[PDB]
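Residue numbers (the authors' numbering), protein chains in the order written: chain 1c, 1 to 49; chain 1Y, 2 to 140; chain 1O, 1 to 320; chain 1K, 1 to 98; chain 1L, 552 to 606; chain 1J, 1 to 175; chain 1N, 1 to 347; chain 1A, 1 to 24, 53 to 115; chain 1D, 2 to 51, 63 to 73; chain 1d, -1, 2 to 120. C-beta atoms are modelled at their ideal positions from N, C-alpha and C, and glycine is treated no differently.
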Amino acid sequence: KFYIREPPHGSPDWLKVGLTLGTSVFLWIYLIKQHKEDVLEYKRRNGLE
Amino acid sequence: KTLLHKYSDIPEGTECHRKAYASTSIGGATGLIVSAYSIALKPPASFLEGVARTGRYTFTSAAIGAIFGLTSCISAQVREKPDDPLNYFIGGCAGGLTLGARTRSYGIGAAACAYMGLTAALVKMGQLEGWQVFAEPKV
Amino acid sequence: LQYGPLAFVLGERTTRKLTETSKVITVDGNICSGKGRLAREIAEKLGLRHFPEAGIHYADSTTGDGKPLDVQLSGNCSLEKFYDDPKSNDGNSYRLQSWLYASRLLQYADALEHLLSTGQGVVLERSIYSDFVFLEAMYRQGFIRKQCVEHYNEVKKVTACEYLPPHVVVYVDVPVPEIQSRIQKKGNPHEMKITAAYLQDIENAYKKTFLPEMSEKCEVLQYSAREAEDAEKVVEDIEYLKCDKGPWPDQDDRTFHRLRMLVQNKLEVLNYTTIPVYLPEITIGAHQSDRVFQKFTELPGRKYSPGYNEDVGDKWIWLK
Amino acid sequence: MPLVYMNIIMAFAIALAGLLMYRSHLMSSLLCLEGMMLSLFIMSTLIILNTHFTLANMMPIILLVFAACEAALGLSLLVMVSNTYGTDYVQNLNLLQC
Amino acid sequence: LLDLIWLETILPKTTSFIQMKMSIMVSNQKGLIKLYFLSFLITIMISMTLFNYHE
Amino acid sequence: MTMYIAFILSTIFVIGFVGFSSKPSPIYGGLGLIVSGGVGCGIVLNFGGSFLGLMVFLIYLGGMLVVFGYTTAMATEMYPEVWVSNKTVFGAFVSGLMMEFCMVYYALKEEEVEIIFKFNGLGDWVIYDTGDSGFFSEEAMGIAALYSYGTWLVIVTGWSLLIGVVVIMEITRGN
Amino acid sequence: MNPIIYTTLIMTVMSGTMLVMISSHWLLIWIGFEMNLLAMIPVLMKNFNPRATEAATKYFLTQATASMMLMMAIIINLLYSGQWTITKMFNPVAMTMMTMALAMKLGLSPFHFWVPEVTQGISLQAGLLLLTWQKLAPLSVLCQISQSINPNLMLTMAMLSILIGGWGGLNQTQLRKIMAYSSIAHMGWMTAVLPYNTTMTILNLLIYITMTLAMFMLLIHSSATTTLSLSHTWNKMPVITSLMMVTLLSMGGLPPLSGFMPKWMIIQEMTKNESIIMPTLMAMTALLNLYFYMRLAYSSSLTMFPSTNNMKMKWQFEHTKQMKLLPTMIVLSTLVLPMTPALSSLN
Amino acid sequence: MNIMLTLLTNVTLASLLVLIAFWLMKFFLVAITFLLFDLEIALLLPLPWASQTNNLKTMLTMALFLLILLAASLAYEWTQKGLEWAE
Amino acid sequence: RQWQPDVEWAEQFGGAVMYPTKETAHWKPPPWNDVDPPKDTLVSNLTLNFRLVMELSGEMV
Amino acid sequence: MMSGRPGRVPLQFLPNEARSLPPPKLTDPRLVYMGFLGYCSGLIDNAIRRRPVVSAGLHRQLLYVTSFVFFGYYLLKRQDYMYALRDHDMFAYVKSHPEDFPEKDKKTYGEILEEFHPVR
Ligand SMILES: CCCCCCCCCCCCCCCCCC(=O)OC[C@H](COP(=O)(O)OCCN)OC(=O)CCCCCCCCCCCCCCCCC
Ligand SMILES: CCCCCCCCCCCCCCCCCC(=O)OC[C@H](COP(=O)(O)OCCN)OC(=O)CCCCCCCCCCCCCCCCC
Ligand SMILES: Nc1nc2c(ncn2[C@@H]2O[C@H](COP(=O)(O)OP(=O)(O)OP(=O)(O)O)[C@@H](O)[C@H]2O)c(=O)[nH]1
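As structure tokens, then:
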């Protein structure tokens, strides 16, 4: 290994990254969920569908 | 705005003495303000020097205003066209030539028209057309 | 994390780690006056982290492999060049000193960081406060010029102000005829070419200014080279004292947060070492600087931030 | 508008001029800086007492209270000037010329 | 004469020169509180009274 | 003058106000405003603000300026200012008497003083009302409501003062 | 200073500025203003150098004077109305008296004299707070009382700000000073439209915050204070000065770089109000801002400047500062122009 | 009436006597601390009337808030040298 | 190679004021530390004639 | 302008009746621009930290894109709401003040003169 000392990012910080995907997957699933009933509610609020 | 109304109320090309007195009052008033700031931000020597600088700034500003009012009114009724924008423009060098002589260098005097002459002409366009510089909020 | 605000908030102090064996030792002396060996002796007697004397490739022996880099790639100066040609046009003389002063300054920061993170004292040779004696001596014979001095001391005041002075200074006194006769015994062909004039200037600068100017900041532990040989003598009275002089025996965790803020930021310790003073001997134009930096880029490891070099073998780049 | 109100109103106007028209010693401005709020405090009490605005008796105290922190902030900065130059003289208060 | 002596000194250089002089004293004050706050005094006085902004 | 007693109280308030605002020595400037501070209390006292009048004595008069005069003590100019040292301070003082005595006389006239605002400088005694206060004191009840109605006012005042003490020590320790 | 009190001293500054915009009482409006000032001074004095003390004195003297002047804008209002509610001012004299009070706290007309000097004295981190966060509070009050504001009085403050703000930057070499002068020029822009449509003032404020944040942390990352110090930054970190050039042009207002969005909206709003001379001179003198803008860009990355031998040291070590939210700030401050119709969100 | 009449005669009786008897950083630090320790005294000076309010609960919890806040401000000065007159 | 700025070009953008003038002739560049060098020490080491000559630091001897 | 309308409970990012509008589709060109800006933030972040921008961590960039896409969609609804509100109350007003906007009569170009100006 080139570096004499392990650098602060020179390792996969599993807890941090696993949180990052955890943030995104929860974010998208909320997003696709929220669009669903918001569309569905708009369908029935005006009497479309 | 007593001074502005005083100058505007005098009909164009009429009562040149009134116009000249009205014009030099505005010039002198502006000359006082800039001199006061100049003394403020740049402290002069003993009070005689302070009033000397005040005298210079007021005299130049009053001179520019006085003759400009004279040329503008004169240009209006001698040519018998009061609505002419050029009426004020020739005042621009008139005011401009005055500045060029007060500093005793016509290089500033030459540039003095092209900007003051246009602006003096520009003001006349504003009065005729109806331009508003500080427009009241309408929309 | 490091002393970054969160660590200080959670209660991590620094006075808690400090003990009686927490001092800065400047075991200086003369040109090859044997002070290098005394540095190890003092370090191993009281268990202080020893720092080898700062050179041209010291910073090279801090990062990456901790191995010397190309002189063109790191420093562009050569002490041997100054040793051979006394007054050249390439400006190796002054540029050697200023790079030396920066290397010593970085060494000082590394020393303080170790002390402020362990509480264990540190010994250093030719501390950054000493450095000015060489440069002024180089000016005495004409190695550098008047305009050269202005850049160096300007860097000195803007940098060395915040660093606290040492606690212990060991001036190994060796007299001029001995040094001017010992340099033949070394045998390294570069250091034979040493003028007695340059030597004569360095010692008189030391005793008359190096010790007194910082005597009020820490006590002067004068030691002849005869005293330097008897390491048992010098180890008693370093402990026999307190070093009440200077501002070090007054600081608390309030200033220590500031001190470990700067030393941890290695870029910050030497950010002021690059003052835009356009001295001819150190000013490098864009063309040479660009090519050299581009040469620095595609070197191993240096291409990216540390730990982010796929060429070295840092796996998980797509995740880290 | 009653005369007593006029007298306090002009009292500030000279105080505003007194602080703005500056003198060599920085102390005197600090006296006038919080002097100007004394007229503010005095007149404030006048309206509320006159108008029987019982709840608005809140203001006269708290107005002075935070005016005190400013004065407390005031001379505390002043001593630092005195500890760096020797006198609070404001013509030397120009180190930021550049 | 015309192209690179007058046509560059009428619009370009004159405006540069005009902007030069104005920026000369705008950026060059004295750093004295007395002069500053005094300039405040006129500014407040002239604002209420003589631009007639109160009317 | 009995009818316009507060007017005399008010006039004395400004003349001392002008004197210390004329930038005299800080000790002398202290005198100029403390007498102004005391006389202003009489104005509030005469209107009925018993606590407010007495309270400005304790925190402003016997408060503010004691530590203020304390600071001028350590300033200790080798050349302490007296009113005769410079003619600028006398010029301000004779000025401060000038326009004050001017428009009060114009106030003594037809009473259409219209500098900035429109003032009718009649006898100050007219502005009061004819409504009794019963048993409760109007001033006392208002301030006492700080702990019943001044919920947000007391919190920010308490919080700022705690911030006030920490900032004072933080900026005086000098790192 | 100690971080825990340094945290809460800054934290109260948000709290004081928060209180200004969330209180309907005139007294509480001043309450947050001077709690804000109380905690601002130590952050100015964080470095504790004679210049830092110099900067704090000017800032305190200016800010304290305005706030005491602010009370009597309230007091006369109370004197002629008996209302402490934050709405339409009822007294013309108090109204101008208020506008000068708030303008000095914002520093647009020759009240601006402290803005360059104070900025230079304080550290770069403290400069960030002064020109970004301690500017919402005066604008918060102006937004609420905008309808009442005197049109001639406010616009005159605006032009004198941009005119001086344009001229002042043309001669300063310090990066902090030119930053301050450009901040003055932008401040004239927002307050210019302020009487007309407050949504555009807020949009200008929200947009103008982005570069001023982005530019400051970039300088802090560069650790540069003067133009020559900025010149050397290309060698060690050629990337950082490259992004600084992009955001520097965005501050100038050249489409499609977002930053022309506020200027575009201001011109359109003023034109709808029949005021057409106001925008033209306003836009024309914005070129004055662009000159020393490009001048910084000329010496930053566009033409590599001479470096120094000691800069070879800096290449070996990597940055330790965290500069949080920098990547988002740069991107949000240069390419958000196609999302201009998001203006209705601010309404 | 009587209040100034008193005030008048005491001063003159003192004025006559003085004429007849003649013709015949830490020091700063404690100063501001007192000032900042004096203002909230004026906050809690109205309190005997405050105890007459209908809502004792808010009054009791609030006057207690200032006193403990006074205690905290004093405590902060005590621990962070503060009250210690810098030697 | 293309032209690159030399030292003289840097000196253009290197003064205390970018466009020098007589009024700003003596203006000096700010110190790089942003710390003006400390002036003469304002220590009140007043020696009190207690005859016992004895100095104090405002409180402390 | 809006600020002060009847039924305008403050500190609300999406009033209830705003949901009676067509929600933006996830393939909205405005929305995909939000995602593009988020991606550009990811490149800058790695460039700022001196990392292999193209693939210097797929976790940091993924959050950058998702966060910008999220904040965009909510901003879009409020964007769509206010513009719908801006046009809505207009139609109520335009029928509330008929006399202020009288329909001018329509006369074909067979009547209106335009005094044609020749070009030479
Ligand atoms: C239609 C109604 C009006 C009719 C009358 C005509 C208009 C009014 C009169 C003319 C006013 C504009 C002309 C300039 C007047 C002020 C001149 C002045 O200040 O001169 C002093 C000085 C110039 O000399 P200086 O550069 O100092 O060099 C010598 C140094 N020892 O100055 C300077 O150095 C500073 C630069 C000049 C001052 C700043 C600009 C002042 C004018 C602003 C616009 C005024 C408009 C007035 C009319 C409209 C509004 C009412
Ligand atoms: C609106 C008009 C335009 C406005 C913006 C203009 C910007 C430029 C203007 C001129 C700037 C000043 C002059 C040039 C300065 C150069 C600065 C610099 O640092 O240059 C050298 C440097 C060396 O590269 P280095 O930093 O080592 O990074 C290599 C990649 N990791 O180079 C760099 O650091 C540059 C690194 C760039 C990396 C780009 C990566 C792109 C990845 C694209 C992925 C696309 C994926 C598409 C997928 C499609 C299907 C979904
Ligand atoms: N210009 C300059 N050269 C320095 C400085 N400090 C050390 N040197 C050089 O460092 C080199 C090694 O020091 P020497 O004393 O000659 O040899 P050494 O092996 O360190 O021996 P000891 O001093 O006994 O430890 C010499 O070329 C010195 O001139 C300095 O501050 N400036």
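{"query": "Rounded Cβ spacing between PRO26 (chain 1J) and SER28 (chain 1K) (contact assumed at less than 8 Å)", "result": "6 Å"}
{"query": "Presumed contact (8 Å Cβ cut-off) between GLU13 (chain 1Y) and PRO83 (chain 1Y), rounded CB distance", "result": "4 Å"}
{"query": "Reduced DSSP category for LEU592 (chain 1L) - H, G, I as helix; E, B as strand; rest coil", "result": "helix"}
{"query": "Residue-level contact to chain 1K via CB, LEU558 (chain 1L), 8 Å cutoff", "result": "no"}
{"query": "Cβ-Cβ separation, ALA228 (chain 1O) to residue 324 (chain 1O) (assumed contact under 8 Å), whole Å", "result": "The requested residue 324 (chain 1O) does not occur in the structure, where chain 1O is confined to residues 1 to 320."}
{"query": "Simplified DSSP state of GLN174 (chain 1N), which is helix, strand or coil", "result": "strand"}
{"query": "Nearest residue (CA-CA) to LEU108 (chain 1N), options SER67 (chain 1N), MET190 (chain 1N), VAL93 (chain 1N) and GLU318 (chain 1N)", "result": "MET190 (chain 1N)"}
{"query": "Close beta carbons around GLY29 (chain 1O), own chain, < 7 Å, minus the five adjacent residues each side", "result": "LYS35, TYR171, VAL172 and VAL174"}
{"query": "Contacts of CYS161 (chain 1O) in chain 1D (Cβ-Cβ under 8 Å)", "result": "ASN34 and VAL36"}
{"query": "Heavy atom of ligand 1 within 7 Å of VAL577 (chain 1L) beta-carbon", "result": "no"}
{"query": "Close beta carbons around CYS74 (chain 1Y), own chain, < 6 Å, minus the five adjacent residues each side", "result": "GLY14, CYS17 and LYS20"}
{"query": "Ligand 1 heavy atom lying under 7 Å from the CB of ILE597 (chain 1L)", "result": "no"}
{"query": "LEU346 (chain 1N) versus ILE115 (chain 1J) - alpha carbon distance", "result": "43 Å"}
{"query": "Supposed contact pair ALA91 (chain 1A) and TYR147 (chain 1J) - C-beta distance, whole angstroms, cut 8 Å", "result": "6 Å"}
{"query": "Same chain, Cβ closer than 8 Å to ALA7 (chain 1O), neighbours up to 5 away in sequence not counted", "result": "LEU1"}
{"query": "Opposing strand residues paired with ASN50 (chain 1D) [DSSP bridges]", "result": "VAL65 (chain 1D)"}
{"query": "Helix, strand or coil at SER258 (chain 1N) according to DSSP, with G and I counted as helix", "result": "coil"}
{"query": "Helix, strand or coil at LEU124 (chain 1O) [DSSP, three-state]", "result": "strand"}
{"query": "Amino acids of chain 1Y, ordered along the chain, whose beta-carbon sits closer than 7 Å to that of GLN580 (chain 1L)", "result": "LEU42"}
{"query": "Sub-8 Å separation of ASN197 (chain 1N) and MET311 (chain 1N) beta-carbons", "result": "no"}
{"query": "Buried or exposed (CB count within 10 angstroms, at least 16 for buried), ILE42 (chain 1K)", "result": "buried"}
{"query": "Buried versus exposed call for residue 73 (chain 1c) [16 or more other C-beta atoms within 10 Å across all chains shown]", "result": "Summary: the structure shown does not reach residue 73 (chain 1c), with chain 1c confined to residues 1 through 49, and so no result is reported for it."}
{"query": "Neighbour flag for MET571 (chain 1L) against chain 1D, beta carbons, 8 Å", "result": "yes"}
{"query": "beta-carbon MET27 (chain 1K) near ligand 3 non-hydrogen atom, thresh 7 Å", "result": "no"}
{"query": "Within-8 Å CB hit, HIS59 (chain 1d) to chain 1c", "result": "yes"}
{"query": "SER305 (chain 1O) Cβ short of 7 Å to ligand 2 heavy atom set", "result": "no"}
{"query": "Neighbourhood of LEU14 (chain 1d) by C-beta distance below 8 Å, restricted to the same chain and skipping five residues each side", "result": "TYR74, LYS77, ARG78 and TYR81"}
{"query": "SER23 (chain 1N) and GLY16 (chain 1N) closer than 8 Å at C-beta", "result": "no"}
{"query": "C-alpha distance - residue 190 (chain 1J) paired with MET6 (chain 1K), whole-angstrom precision", "result": "Within the shown structure, residues of chain 1J are numbered from 1 to 175, placing residue 190 (chain 1J) beyond reach of any answer."}
{"query": "Pairwise C-alpha distance: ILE183 (chain 1O) and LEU49 (chain 1D)", "result": "59 Å"}
{"query": "Contacting residues, own chain, Cβ-Cβ under 8 Å from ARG140 (chain 1O) (five flanking each side not counted)", "result": "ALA197, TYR198 and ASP201"}
{"query": "Any C-beta of chain 1J under 8 Å from that of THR12 (chain 1N)", "result": "yes"}
{"query": "Opposing strand residues paired with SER224 (chain 1O) [DSSP bridges]", "result": "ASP173 (chain 1O)"}
{"query": "Beta-carbon neighbours of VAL8 (chain 1D), restricted to chain 1O and to distances below 7 Å", "result": "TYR278 and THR283"}
{"query": "For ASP28 (chain 1O), the residue or residues it bridges with in DSSP", "result": "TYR171 (chain 1O)"}
{"query": "8 Å Cβ cutoff, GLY86 (chain 1K) in contact with chain 1D", "result": "yes"}
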